[PDB]
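One chain comes next, on its own, written as structure tokens: the form deposited in one PDB entry.
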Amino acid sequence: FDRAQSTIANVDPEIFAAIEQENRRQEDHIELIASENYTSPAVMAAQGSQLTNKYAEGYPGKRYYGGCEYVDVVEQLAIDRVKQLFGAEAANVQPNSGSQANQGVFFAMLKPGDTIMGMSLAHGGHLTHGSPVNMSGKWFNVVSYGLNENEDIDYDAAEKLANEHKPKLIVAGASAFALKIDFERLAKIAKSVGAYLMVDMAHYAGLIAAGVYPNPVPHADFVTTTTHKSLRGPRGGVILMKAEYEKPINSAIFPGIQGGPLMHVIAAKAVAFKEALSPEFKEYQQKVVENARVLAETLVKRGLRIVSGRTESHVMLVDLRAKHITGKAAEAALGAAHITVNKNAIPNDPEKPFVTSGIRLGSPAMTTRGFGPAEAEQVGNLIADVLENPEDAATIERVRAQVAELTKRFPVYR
């Protein structure tokens, strides 16, 4: 309890060693998982603070425990900054995760058995948007909408489904969709059947904050997000809501589905929001969008296909059929070449769900460590090299060596 003696290395050598290896792994691999980023030392320092010691059930100025004057300052800063970031009427920064943020809306507005609409998992929707093995799909009646022939969201079909099934709530947002979503149109659809509109902007949140992806907040009743993806913050969730839903949302998070908030993580959220308000962050996201486009363009030049035909965001779904390789095989081969991606089903995938014909790629992480258009293009070409000969030892090695050059030249943490 002098920070000198209680180090991880002294107290728990096994865990220290494992953490050290993860540090090096983060340096030594090019990360293209669209949901991952590298958060700042300041953010990490914040959730490594003594604020973990405080029980603070309730909300600023209305706590159940005494001694909360300073954690109140922290939480209110987090609330005010995130409201400022997205122009929200109200906010809740206590959700433990993106899942809990989404569960909070559901607990606030719905009863078990209610009908909801969400984007289908097969076409890029998330687990929490109605999967039958998730709470959202097991305890509720789920109707899903998907993509059209152009692999854009099929707004007409969604409208038809809404009228047919009369959902109490409509979910929009996605984990693997490259285009701009028309939140205004989904809002009209929701209003026309008297449904709530909830937008899960977890993946796009950083882009939205920087103004390079459309903002769902003026159109939706509820907007949920993670703080750790494109927002580049700590791991956790946030709910944004219209003022009229402030009381049900706050009551749903506590005492509804959570207990004591993680005040150290909320402090870390506040720091990330401060960073997101800066001109440097806007410039970062402009580069994120640029690098994603260049990556997509490069893969197309090498004969691959991009689902929806283009990206208008940080993310892309790559159709691998022209190179006669499965997503599963592609993920494995790229991983061996020190490029981290994940397999992902494409629309009308001829392969089994655990195999797939696609991979999802994203630019936030590589952009954070300093990659520009030249590097994004180089990475595109390296991926294609692997895909065209995934089991050739010499091919994997040549790429790995070039990956090593990039990662050494662009360190994550200095």
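When you see a residue number, it is the position in the sequence shown, counting from 1. Here, rigid core means the biggest group of C-alpha atoms that superpose within 1.5 Å across both forms.
What comes next is about the form deposited in another entry, which does not appear here.
Only one entry in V289, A330, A195, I339 has its C-alpha moved by 2 angstroms or more between the shown form and the other one when the rigid core is superposed, and that entry is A195. If you fit the rigid core between the shown form and the other one, you'll see the Cα of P234 move by less than 2 angstroms.
When two forms of a protein are overlaid on their rigid core, residues whose CA moves 2 Å or more are considered shifted, and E159 is one of them between the shown form and the other one. After superposition on the rigid core, displacement of the C-alpha of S136 between the shown form and the other one amounts to 2 Å or more. Relative to this form, the distance between the C-alpha atoms of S6 and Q26 is reduced by at least 3 angstroms in the other form.
Contraction of the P41-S6 CA spacing by 3 Å or more is recorded in the other form, set against this form.
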